[PDB]
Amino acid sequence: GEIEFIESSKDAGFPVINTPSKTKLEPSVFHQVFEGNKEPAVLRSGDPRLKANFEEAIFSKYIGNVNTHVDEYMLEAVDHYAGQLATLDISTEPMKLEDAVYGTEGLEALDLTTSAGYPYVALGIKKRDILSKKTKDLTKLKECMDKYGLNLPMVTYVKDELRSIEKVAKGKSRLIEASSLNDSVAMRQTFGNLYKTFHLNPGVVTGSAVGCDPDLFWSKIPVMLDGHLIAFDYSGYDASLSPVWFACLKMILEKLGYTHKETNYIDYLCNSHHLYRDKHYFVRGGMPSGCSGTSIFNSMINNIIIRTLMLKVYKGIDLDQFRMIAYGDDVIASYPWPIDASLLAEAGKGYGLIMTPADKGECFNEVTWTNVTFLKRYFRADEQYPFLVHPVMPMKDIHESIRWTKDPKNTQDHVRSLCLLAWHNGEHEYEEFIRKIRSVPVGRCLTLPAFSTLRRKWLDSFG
């Protein structure tokens, strides 16, 4: 990922974009009961907690690119992953517009509560001015698409969210890229059946966890990844993808039946253009976080990436015995033999990728089923039914969430949802949690689910 060019938006006929600088996160009634290290992310240059240049820091994610060709490893990598995807009958036929916009089995409708992006964001137009789920109208949509076209700039905002205290101090707030309604629709039309087949089939064939429910799915995972575990973390994956990985992705899209016409939408992702406040700029490489397809294409690329590193580092390796599940940058995998992920990291570095030891730390340790995480959840088998596995979100991360709110009107929903995460920590931990919640006047006013009821419904789901 690299910013090639910056220009004034006026110069390029673009309006200045209103980008919020005030967080919506307030300390909650539970802010004191529990301990936490996160505060809301820095959103402006005048933040008193800033110990570094803000605008320098938020964009620092664009580490650079590496100029390499699609090498013999990538190519093999692609043919292998493609051969899996071929077993699924991914239709390259464009999705019916009513389905691409207002949802179908395997693909939910557009988020109508979010920005419509450029140009509408500066015309003061909301998604709901153009769409209604209730009416399923496409009239105003086609109109707007005719008028404004495709490949519009993506609008860059800072994400309102909690960050570690060093990420607050270092200004490493996160950027997202608001994709225009038009582009989201066009991509969903073009790639809807791919999205759908992916969501309806998470596992070791797609190599994707997208569409799974950790409650039900954690039990399936150790069966699928029966070998020795492989797991690492990425630093700024999305921003680290050089163009060659996109070339790889286009090539696998081509294998699947996609025309050069349709693969060209990948070009709008790799080579993208953005609005940020009063500037218009160009990024070469990097997956733009916020485009349509970001989870699916990030994941497909990860399947190509890890396959490549293996084929490269361990020359003569049998990928028919390799198994991986990716969720964007997040990956859990296994191979029948011990693989040194520090070496896969060294290789990764040569392709622009920064891979680090899993779940923080400074050794590429053994990855056991004990310490491995996926989607931030640990794996624990039931003590009573050892083939059912618990997705275990650390209580410390649940704690971080409850200590804040964006609106106390939601405290009941918020806490209930937190409960459905916490209980997989066990009865001891859940009741301590329910106690600490109850240790505060407002906590005594909430309907909390009983552990016994949670465990019951869970066991009941496997039926």
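Numbers for residues come from their place in the sequence shown, where the first is 1.
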statement: Mean B factor on CA atoms, stretches 47-55 and 407-415, record says higher is 47-55
statement: As the entry reports it, the stretch among 135-143 and 221-229 with higher mean C-alpha B factor is 135-143
- prompt: When you compare the CA B-factors of 201, 271, 289, 242 as listed in the entry, which one comes out on top?
  reply: 289
- request: Among the candidates 99, 177, 330, 213, give the one with the maximum CA B-factor reported in the record.
  value: 99
query: Taking the C-alpha B-factors as the PDB entry records them, is residue 424 in the lowest, middle or highest third of its chain?
result: lowest
- request: Quick one: classify residue 165 as lowest, middle or highest third of the chain based on its Cα B-factor.
  value: highest
- prompt: Compared with the other modelled residues in the chain, in which third is the CA B-factor of residue 23?
  reply: middle
query: Going by what the PDB entry lists, where does residue 447 fall on CA B-factor within its chain: lowest, middle or highest third?
result: lowest
- request: Determine, from the deposited record, the chain-internal third of the Cα B-factor for residue 315: lowest, middle or highest.
  value: highest
